[PDB]
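Here we start with a single chain on its own, the form deposited in one PDB entry, put down as structure tokens.
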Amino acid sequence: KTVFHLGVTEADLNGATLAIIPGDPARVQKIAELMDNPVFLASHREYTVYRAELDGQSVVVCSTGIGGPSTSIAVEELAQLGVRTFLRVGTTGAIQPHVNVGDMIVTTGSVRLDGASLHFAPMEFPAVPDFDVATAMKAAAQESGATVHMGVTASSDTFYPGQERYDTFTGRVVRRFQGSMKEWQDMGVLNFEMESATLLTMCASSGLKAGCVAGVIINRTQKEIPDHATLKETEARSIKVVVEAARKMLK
């Protein structure tokens, strides 16, 4: 009756069938307060859960933590409680020079550099969003005035070697990932993050609608530090966008 990790029951969600799923627990209240009647439900580990109302309909907001494994738990347990549509909002590192800090990326497919996706579908299966969710996210992102990019995201189980970072304790990257950032760049991949491959694969193979939208907080090719106000505005815009995408999905 109460799911194992999230600490909520189906009745606690007041009929919600849509969830907004940021990674950071501290972002949950910030998203919920953009909607009506936000109420804290539970916090356990990296999972902070609020309910709110959007155009009269109940919406969940639930953090996922970093990575596919923790994300997979939250999605499963929300689905046990009746949630069928999942909107991820997150941050990302662009790897294309034409993408600027402050722009928004809607993922059309993920490079599966994770492990949890394989626990739902073999590697051949595409990590792709639900087309209605991606469509709603693009429209919401455009309506906010942001420059919006649609494209492929590389989704890594690590922050460091799987994103080909060398400024580390060992300074090494395993053979698999040596030269990988240039390979993705040349294949037109827009950005790196750590959860979309798991989220999209598990939802596309399980009868759940999912999509991902993110604000760009860094460009791996532009070694300049983005303006502070710009970072804060991007954060605020990203969560405005995801709430407006949720509105479009509720009709």
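Quick note: we count residues from 1 along the sequence shown, nothing fancier. What we label the rigid core is the largest C-alpha set whose atoms superpose within 1.5 Å from one form to the other.
At least a third of the other compared entries: do they leave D227 without coordinates?
Yes, a third or more of the compared structures omit it.
Can you tell me which stretch has the higher mean Cα B-factor, 191-199 or 40-48?
In the deposited entry, the stretch with the higher C-alpha B-factor mean is 40-48.
Per the PDB record, is the mean Cα temperature factor higher over 141-149 or over 158-166?
According to the entry, 141-149 carries the higher average C-alpha B-factor.
According to the deposited entry, which of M181, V99, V83, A121 has the largest Cα B-factor?
Spelled out: the listed residue with the top C-alpha B-factor is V99.
Out of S205, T64, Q57, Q185, which shows the largest CA B-factor listed in the entry?
Going by the entry's C-alpha B-factors, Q57 comes out highest.
Where does the C-alpha B-factor of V213 rank in its chain, lowest, middle or highest third?
Middle third by C-alpha B-factor.
Split into thirds by Cα B-factor across the chain's modelled residues, where does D132 land: lowest, middle or highest?
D132: CA B-factor falls in the middle third of its chain.
Ranked by Cα temperature factor within the chain, is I105 in the lowest third, the middle third or the highest third?
Answer is middle: the recorded C-alpha B-factor places it there.
Beyond what is shown, the protein has a form deposited in another entry; the following relates to that form.
Taking only shifts of 2 Å or more in Cα after a rigid core superposition between this form and the one not shown, tell me which of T17, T9, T230, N14 qualifies.
Result of the superposition: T230 is the only one at 2 Å or more.
Would you mind telling me if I225 and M181 are closer or farther apart in that other deposited form than in the shown form, C-alpha to C-alpha, with a 3 Å or larger change?
Closer together, which means the C-alphas of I225 and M181 are at least 3 Å nearer in that other deposited form.
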